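In the block that follows, a single chain appears as structure tokens, in the form deposited in one PDB entry.
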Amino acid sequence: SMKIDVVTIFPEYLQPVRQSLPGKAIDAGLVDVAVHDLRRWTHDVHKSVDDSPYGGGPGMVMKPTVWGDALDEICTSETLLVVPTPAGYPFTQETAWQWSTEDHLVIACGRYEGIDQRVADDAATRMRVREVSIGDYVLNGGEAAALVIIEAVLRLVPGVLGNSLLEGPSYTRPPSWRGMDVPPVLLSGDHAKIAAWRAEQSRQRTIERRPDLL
């Protein structure tokens, strides 16, 4: 049973993942995802969420007073606060597993050059805070990362889904297609040989594509 709250200045970005949730899981109260417009917590008629960086630099920094108010309202002491950031610890499948048992995740999506560091530092004095990165590529903001994290975590939550080495190639019908035959070993009925063939394909593909895994 997980509640995920996402806070973002582009709530529209997160709406399809909300609607993508299986009806059965929602009706069974297994999962709920709520998306919040950060500007709900702005102080001024211009709905300002950012300001210039102390010490100079490019772009803007998201305001701590706005974020502080948002998180005060949404978080409790039991919340796991997730802050996507290119400067985070790596988000891995082990991370997803660990988070899949949580009662409450709050995902704070940043933009511009990030969120004033005191927001996370203050939050960390009364709840668990995790700054994480989903990869070594540069995004404009945290929403795409939130989407990846939500998908990876929720498919591990018991119910939501319904009812090493790289994977090698897979095949299905037809047995011959555009001059290419399914490897005959797969149609052999020799299931120990099939498993050995798959193991070797995995080893080859891992060596070629992901030598770091070895």
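We number the residues from 1 along the sequence you see. Only the largest set of C-alpha atoms that superpose within 1.5 Å between the two forms is called the rigid core.
Unshown form deposited in another entry; subsequent notes refer to it.
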Moved residue between this form and the one not shown - picked from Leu187, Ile26, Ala34, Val148, where its Cα shifts 2 angstroms or more relative to the rigid core: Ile26
Distance direction in that other deposited form for the C-alpha atoms of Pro22 and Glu94, relative to the displayed form (3 angstroms or more): closer
Change in CA distance between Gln19 and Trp41 in that other deposited form, which is 3 Å or more, as closer or farther: farther
